[PDB]
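Engineer: As given, the protein sequences belong to chains A, B, C, D, E, F and G, one line each in that order.
Start counting the first sequence at 9; every next residue gets the next number (the working numbering).
Start counting the second sequence at 2; every next residue gets the next number (the working numbering).
Start counting the third sequence at 164; every next residue gets the next number (the working numbering).
Start counting the fourth sequence at 12; every next residue gets the next number (the working numbering).
Start counting the fifth sequence at 270; every next residue gets the next number (the working numbering).
Start counting the sixth sequence at 9; every next residue gets the next number (the working numbering).
Start counting the seventh sequence at 1314; every next residue gets the next number (the working numbering).
Note that CB positions come from ideal geometry on N, CA and C, so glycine has one too.
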Amino acid sequence: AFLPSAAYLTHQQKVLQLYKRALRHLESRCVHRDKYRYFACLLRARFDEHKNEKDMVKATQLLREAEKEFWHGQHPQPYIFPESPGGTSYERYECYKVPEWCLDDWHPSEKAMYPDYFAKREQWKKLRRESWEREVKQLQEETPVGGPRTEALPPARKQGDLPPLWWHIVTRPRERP
Amino acid sequence: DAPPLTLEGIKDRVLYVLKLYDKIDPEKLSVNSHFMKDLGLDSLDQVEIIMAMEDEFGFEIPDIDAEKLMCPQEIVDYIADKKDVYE
Amino acid sequence: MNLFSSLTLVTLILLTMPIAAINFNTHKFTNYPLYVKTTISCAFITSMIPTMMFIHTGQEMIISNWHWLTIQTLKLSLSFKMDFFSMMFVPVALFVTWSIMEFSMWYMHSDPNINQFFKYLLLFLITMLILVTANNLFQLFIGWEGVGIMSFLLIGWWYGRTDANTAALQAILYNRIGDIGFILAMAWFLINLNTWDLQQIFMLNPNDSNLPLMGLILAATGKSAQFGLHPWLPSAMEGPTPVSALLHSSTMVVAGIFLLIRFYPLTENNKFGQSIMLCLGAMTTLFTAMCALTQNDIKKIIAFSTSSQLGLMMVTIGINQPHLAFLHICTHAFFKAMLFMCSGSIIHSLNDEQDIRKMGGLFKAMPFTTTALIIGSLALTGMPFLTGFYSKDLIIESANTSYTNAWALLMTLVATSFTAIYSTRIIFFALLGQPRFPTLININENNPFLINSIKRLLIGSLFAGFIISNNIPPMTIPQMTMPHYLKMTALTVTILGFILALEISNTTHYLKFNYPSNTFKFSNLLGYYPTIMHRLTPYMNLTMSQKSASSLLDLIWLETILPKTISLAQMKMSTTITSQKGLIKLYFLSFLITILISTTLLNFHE
Amino acid sequence: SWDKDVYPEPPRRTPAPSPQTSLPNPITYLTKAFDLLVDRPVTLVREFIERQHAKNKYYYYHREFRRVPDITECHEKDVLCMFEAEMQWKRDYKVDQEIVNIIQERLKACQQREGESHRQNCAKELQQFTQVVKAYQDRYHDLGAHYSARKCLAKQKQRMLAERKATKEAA
Amino acid sequence: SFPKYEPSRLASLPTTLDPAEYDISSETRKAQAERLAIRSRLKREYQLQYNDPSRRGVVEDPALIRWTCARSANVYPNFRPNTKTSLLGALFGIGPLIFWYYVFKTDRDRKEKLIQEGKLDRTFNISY
Amino acid sequence: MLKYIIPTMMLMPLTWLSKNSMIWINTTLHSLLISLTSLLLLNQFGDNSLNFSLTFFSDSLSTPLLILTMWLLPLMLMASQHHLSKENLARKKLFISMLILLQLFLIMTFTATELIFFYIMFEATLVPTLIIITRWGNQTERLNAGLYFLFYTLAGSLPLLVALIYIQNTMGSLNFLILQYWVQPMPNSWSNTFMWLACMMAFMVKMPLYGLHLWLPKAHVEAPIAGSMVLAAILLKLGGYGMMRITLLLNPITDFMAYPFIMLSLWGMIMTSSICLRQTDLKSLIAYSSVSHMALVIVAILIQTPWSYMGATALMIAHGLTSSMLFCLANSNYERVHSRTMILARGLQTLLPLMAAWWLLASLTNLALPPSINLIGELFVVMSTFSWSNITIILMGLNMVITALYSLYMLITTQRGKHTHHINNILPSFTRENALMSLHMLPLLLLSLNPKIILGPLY
Amino acid sequence: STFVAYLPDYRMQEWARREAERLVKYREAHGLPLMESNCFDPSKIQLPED
Ligand SMILES: CCCCCCCCCCCCCCCCCC(=O)OC[C@H](COP(=O)([O-])OCC[N+](C)(C)C)OC(=O)CCCCCCCCCCCCCCCCC
Ligand SMILES: CCCCCCCCCCCCCCCCCC(=O)OC[C@H](COP(=O)([O-])OCC[N+](C)(C)C)OC(=O)CCCCCCCCCCCCCCCCC
Ligand SMILES: CCCCCCCCCCCCCCCCCC(=O)OC[C@H](COP(=O)([O-])OCC[N+](C)(C)C)OC(=O)CCCCCCCCCCCCCCCCC
Ligand SMILES: CCCCCCCCCCCCCCCCCC(=O)OC[C@H](COP(=O)(O)OCCN)OC(=O)CCCCCCCCCCCCCCCCC
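1) Which whole-angstrom value describes the C-beta separation of residue 251(C) and residue 214(C), a residue pair presumed to lie in contact below a C-beta threshold of 8 Å?
2) Using only CA atoms, which one of 499(C), 420(C), 475(C), 562(C) lies nearest to residue 465(C)?
3) How close, in whole Å, do the beta carbons of residue 322(F) and residue 233(F) come, if the pair is a contact with beta carbons under 8 Å?
4) Got a sec: is the Cβ-Cβ distance from residue 460(F) to anything in chain G below 8 Å?
5) Does residue 170(A) come out as helix, strand or coil in the three-state DSSP assignment?
6) Could you give the first and the last residue of the continuous beta strand (DSSP E) run that contains residue 230(C)?
7) Any beta carbon of chain B sitting closer than 8 Å to that of residue 31(A)?
8) Are there any heavy atoms of ligand 4 lying less than 7 Å away from the beta-carbon of residue 409(F), as far as the coordinates show?
9) Who are the near neighbours of residue 508(C) in its chain, counting only those whose CB is closer than 8 Å to its CB and skipping five residues on each side?
10) Using a cut-off of 7 Å between C-beta atoms, extract the partners of residue 45(D) located in chain C.
11) Would you identify the three-state DSSP class for residue 296(E), choosing helix, strand or coil?
12) On a CA-only basis, which of 292(F), 231(F), 356(F), 73(F) is nearest residue 104(A)? Give me that one, please.
13) Closer than 7 Å between beta carbons: that is the criterion. Which residues of the segment 340-353 of chain C meet it against chain F?
14) Which residues of chain G have a Cβ atom closer than 9 Å to the Cβ of residue 79(D), listed in chain order?
15) Is it true that the CB of residue 705(C) sits closer than 8 Å to the CB of residue 286(F)?
16) If you reduce the DSSP assignment to three classes, tell me which class residue 703(C) lands in.
17) When you compare only the Cα positions, how much space is there between residue 373(E) and residue 398(F)?
18) Which residues of chain F have a Cβ atom closer than 7 Å to the Cβ of residue 304(C), listed in chain order?
19) Give a yes or no on contact between the segment 428-442 of chain F and the segment 305-324 of chain F, applying the rule of three or more CB pairs nearer than 8 Å.
20) Mind listing which residues have their beta carbon within less than 5 Å of any non-hydrogen atom of ligand 1? Chain order is fine.
21) Mind pulling the chain A residues with CB within less than 9 Å of residue 245(F)?
22) Compare the C-beta of residue 394(F) against all C-beta atoms of chain C and say whether one is closer than 8 Å.
23) When the Cα atoms are used, what is the spatial distance from residue 70(D) to residue 1322(G)?
24) Give the secondary structure of residue 7(B) by DSSP, where H, G and I count as helix, E and B as strand, and everything else as coil.
25) Assuming residue 590(C) and residue 519(C) make a contact with CB atoms under 8 Å, what is their CB distance in whole Å?
26) Kindly provide the ranges of any beta strand (DSSP E) runs that are 3 or more residues long and lie completely inside the segment 583-645 of chain C, ordered along the chain.
27) Is it the case that the CB of residue 319(C) approaches a heavy atom of ligand 4 more closely than 7 Å?
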């Protein structure tokens, strides 16, 4: 479907995703632990019965009828984790995730309350502006002609330099700011 | 509320959960033991392991990151990155 | 007289002081929530004195202190009304919000904007006390819009969350349809009776009062979340737990019932409005209880529960028992707020988990909240001689022995059984059994704030129904002669619901699997009302907004008719005029033709 | 103080307190505390302020307008006499509006004061309100935002023609 | 069997029930690779403009400007008066105006006729 | 009225003889002094108007509009001095001069006793605004916006000049004090039908009416901030003042000639609010909201009842203040992010909290939260239209629901949600912007304490 | 705000209330009706003959 590094989903990936969704929905229908354990073992036996099938069209039809079976017997509202999308506390703390570039607009009167922190911030910014040209030069010669094929980034090959495009995924805000 | 986490506690808890699995001999696994090769497990065993660790730590690991969690050290590093520990 | 009005106005001024205290502050306030809590406790005492005066003598007054405006004949003044309803509702609301703010001191302790949260809570309380003490319809409308705006600002407290914004906007939309109803009623009263003050409305007493009563019924449907405009109340669970526990449980959502209570001289002479209210209330209570039967979120269960109780309030309004309806308001506030507080305690102890499928084994792990939850569910279901017994059984007894719609009574009884069913469903899935929550356990309830607030509301839910029902004066004739089966109807129905849901839970515990039916999907998915309406009506309105108004009319056709056609006509005429070939022979031929036309065809030489 | 004839009020009849029970009511103790702590300092402060006010005394008067000829004795398109008549009519319009306000305030006071027996004891106030509202409606209603003395004269002339035709057809 | 999921305008078909999802033919693989290449090239452009330490401003998105210009400043150049446009304009432009005109005219005629006979109760109406 | 005209023309040598850096300080200071001086017009009487001279008078309708104009001028001086920072000094003085000249024409317009002098000033107001829009506007289509605005106004207003001269020749005077006493009924004929159309279409265009509103989302959008403020706050109310003054001569033909425009303006506000629901531009959304509110004022004036007139003048003043504040807030966002798209810059409450509070207050007054004077005007118009007919309550309730919807959609889109990642030039709010917001807010909130001074001449 | 707060009887409302009090007292004392249906005297009005 929508993948950063791959253009498609393999057959085994589809089977594993179906297995996880079916087990989660069966846990939702079977709220007690022992009952869920019993029916999870039954579902695991059903999945292991057709594990060794070499016919591609037959495995595809088995997957399609399994997806139809899951859609007929899904929970009207399954159990979603609190931080998972669709959860009760999903994206709750996004109002407190202030980006780090707002510290450059602070008044010097309130910058004096944290001298050592702002010194460390200054040396971090010095490191970033020193490494930017090296990392973009590394990225320029590693992309094949015609643009990149996937969205994966390369690491730093030699010693001393940081991986390319590292700033906004290292300085991201914490989960609980 | 919300007690903090460390790599030692994360590793101890993940090894506890993996030690309670009946399909793994507890005297053989370690922090960097592989699943398909070093332990002889199927892909469904990996899926059930990942679901067990999700239930243990109370947060969901997406499938596109769950397929690549193949040894306990990568599970520890993924949880440490997602929960921003040792700050 | 000089103590009554002084103490009422100083209660209101005492409540409004901390808003000015926080607005004129420079440094960080030293424990501002404690200051607000102390202020509210003092205001509760100060407002408790005039209710003792009213209980002793019956002294009701009206204070029209400040003259505001005079629009020809109509005169608007700052007028407050101390009557039975204001004195019986203000201390109950102040008590409940005192407990809620102590629970908020525990609950929102780690929030970096706790001062803004307490300011918003105090603003809501100020607007609600403006609403319940209002005399004319303008001040009532001010309180109406104030509690609506505070609900919008408090539901979307975590404004970085999209679902909070959707819930807040949806609540605003339904309350604005209620505002349509309120505006129609106020307009009818001004046009036909030439007043907005309630005294002249009650004095003139119109007979053909169908239209303002339907306006008020629509307004109460919007505000109290009756059928048709209901789903904003269960959608409003996106906010913090104290916001729910105050507004969407005990104080804000009873404003429509209160508005219909205040106009009881108008509705007491109109059988049509009474039948409409009875049918709407019965529909609301049964539909919301049936939806509550198969929910898994605990806060959604309690939201559907309080909507069902509001439907019961609309029923007992519709059977011409408005004082029983007010008694049920004052009863229901205590145990509904404390049920929400205990649910919030369970949520906080399990790392923000609101699902009852991940609970259990909390009977001995959290004993005080377990005790309070059991007491509150028993008081909600109608256990004898608790607080709910003194209002709910009288409602059922009056509904049985009256000239009533048969179907409305039937669905009222079935909804009572369903309330019993979901109460014991909550108790079973949240306390009994084996633990289902994650492995690491940080269960704690040893905070003085949470314990003290739950304790105060527990004492209230134990004795307040008895005290209030023994202190109020008799404003009607209580029906106390009835057959044996009609006297035991409420208790037998609740017992039957308890037995049915105990058997349902026992069958759930078995090792069998069955595919879901259409009834289960109808009850679990809220009767398909939000999934159809919130997908269909915004689609039609927004497509009509863009494809018809924004593009077809003013970007295409209103631009075509007046300016573009005129511009093209002038362009074409200009290109025809200026396309001459610059030959003198053609110009002089045109001159000859002009001379000939003027001489012969136009007769300019005559 | 106000005038008790324009704003009437029946004499107050309060019952005597009969303490049937032996439990002390807190209302008497609270009234004693209110008179000791609140009423006495406020009374003393008002006494001081009134003493300050009594040192110098100056008066303000109520404006009196003499009657000028109305619009019925004004020539058409004579802006001076019509101007004076229009100003007089507008002043009487304002006074009539406030008279209706006075009667409405009387009605609301009766409805609040009589309690639950208001439907029986406020018959006279309801009759006065009905009569004064009928007079106001017959005098000033349906004139528009551009009301003037000529519009009111035309309305009264049309109503008088209708009344004369009605009494002619009923004779 | 099981009841077939019929899609609607407001309830799309799920991606796990689509028969075209399970296609393994090389044309669809080539199409998916081309789409991934376009997406990765655009993401590379955005992240190059995004992680620049010397940039302080707005990374301009030509897609958003394209969308706003299409929504606003293209409708009349790409408008041709035909049967459909004129029919919809007459339906949505003069339809409701005529309907509301006749409704309000009928109501006001009825009220004004009832008033002049003295059949309409206007006892306390002195505010208008 | 010469005690306000003469300091206004003396502002011109003040801005043309100041230093290179002291033009804003001097002009703002002395305009604020004249704005304080403008309170002396509140000597109104219950029977007679305040008649100064043969040419000038000011009753209780023109007084709030005058005070609003003279208070609005220093706000525009404070607002327009950031985007004119790098401009040439002579062009800066020319901009301030056009603002001064527009204020002079506006204060001579509301006090004109003669109707032809009112017409002359009311069409003299066209030139400074057209010059401001087409010179200091930022976009390509400011020229097209100026052409549309100019030609809509002139095509609407030339028959008004012809009809006013006809009234002068037929009645003998255009003095408004004379015409109050010399007025005659206008019978039903085709001649009087076209008289009504000629006298009304200029103010129907300027207000604007639905269907004649096509110039507004152009002139309100391609103008600078000061131009948008003076277009939304004052210039739309010239039409309202004109219909309030000119309806006196058009009776009793108004009672049936007002039906098509009542249906146009009752249905028009639903269409414009629905347009507001699906707007990608913030400035255009504010302009269409202005169209809806002025449609409300059109209906109130056309039904011609006392409650409708009081609601109309209160709603005019309230909408002027609210629209000016909303345009100022949108301009501050535009200065921060250099784009007018509503979806671009999101989640600004985490970065600009007090500006978010100002946004919330402006949105709350936009949807008529009681007891603001917005709600007072809207409520009085609703009562009068209910007296007109009963299905008007259905139309008004639908309009109120959509108005709350789009105001909160504005607020939730711009201020709430997750912030834009790649935008990193969100500077903290200046003291100038906050002072501008508070000077828009505090009079609006204070007027709820004494709302009797904005309720027209028949309060 | 101080100037608006202390405006000297804006549009004669307080005077109208005082005069209405005086007129109501005078008319109530003598048994007169408080208001008549006709603003002008019918004696000084000549209706058109029909
Ligand atoms: C912070 C410290 C301040 C100073 C502290 C020390 C002094 C404190 C004061 C001591 C007592 C002073 C004397 C008593 C007070 C003044 C008495 C007096 O004559 O006052 C004049 C009058 C009394 O009314 P009135 O009847 O005399 O005149 C009304 C005015 N006209 C006629 C023009 C309409 O005004 C006030 O009292 C004003 C204050 C009112 C207080 C409440 C305000 C509420 C605002 C709400 C706005 C929106 C309302 C919407 C709803 C309206 C209804 C539908
Ligand atoms: C913004 C776009 C829309 C603008 C709309 C403007 C208004 C529409 C109607 C205007 C009509 C023209 C002015 C009429 C003034 C009437 C004054 C008067 O005394 O009337 C009674 C007089 C009566 O004549 P009289 O008064 O000399 O005679 C004495 C009276 N009787 C008849 C009893 C003996 O009316 C006329 O003389 C004719 C009036 C109708 C004129 C028709 C031609 C114009 C048609 C409309 C053109 C509109 C603008 C088009 C261009 C738009 C832009 C491209
Ligand atoms: C005016 C037309 C143009 C409009 C734009 C103008 C722009 C330029 C601005 C110039 C300056 C401002 C002019 C308008 C001023 C309006 C204000 C004004 O003067 O009012 C006079 C009014 C006059 O009131 P009054 O008329 O009743 O007073 C009686 C008259 N005297 C004084 C002579 C006896 O002032 C007040 O009402 C002040 C009352 C006391 C202060 C307020 C007390 C209550 C405050 C709230 C308490 C808490 C309530 C609950 C809150 C809960 C949380 C929200
Ligand atoms: C006693 C009488 C009883 C009468 C009852 C019958 C009459 C009333 C019938 C119901 C009318 C209102 C309900 C339908 C519209 C509801 C819109 C709404 O708020 O939808 C909620 C939706 C977000 O919620 P949801 O989708 O549930 O979120 C789940 C997680 N994403 O939010 C959105 O999708 C946002 C949509 C924004 C734009 C909304 C456009 C539609 C507005 C319609 C207004 C209609 C007013 C009618 C007034 C008539 C007056 C005479």
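Structural biologist: With the structure as the only source:
1) 7 Å
2) 499(C)
3) That pair is no contact at about 26 Å.
4) yes
5) coil
6) 224-234
7) yes
8) yes
9) 529, 532, 608, 613, 617
10) 166
11) helix
12) 356(F)
13) 340, 342, 343, 346, 347, 350, 353
14) Under the 9 Å cutoff, chain G gives no residues; its nearest Cβ is about 14 Å from residue 79(D).
15) yes
16) helix
17) 9 Å
18) 378
19) no
20) 229(C), 230(C), 231(C), 239(C), 241(C), 301(C), 302(C), 379(F)
21) Those within 9 Å of residue 245(F) in chain A number zero; the least Cβ separation is about 40 Å.
22) yes
23) 16 Å
24) coil
25) Not really, about 10 Å apart at Cβ, beyond 8 Å.
26) none
27) no
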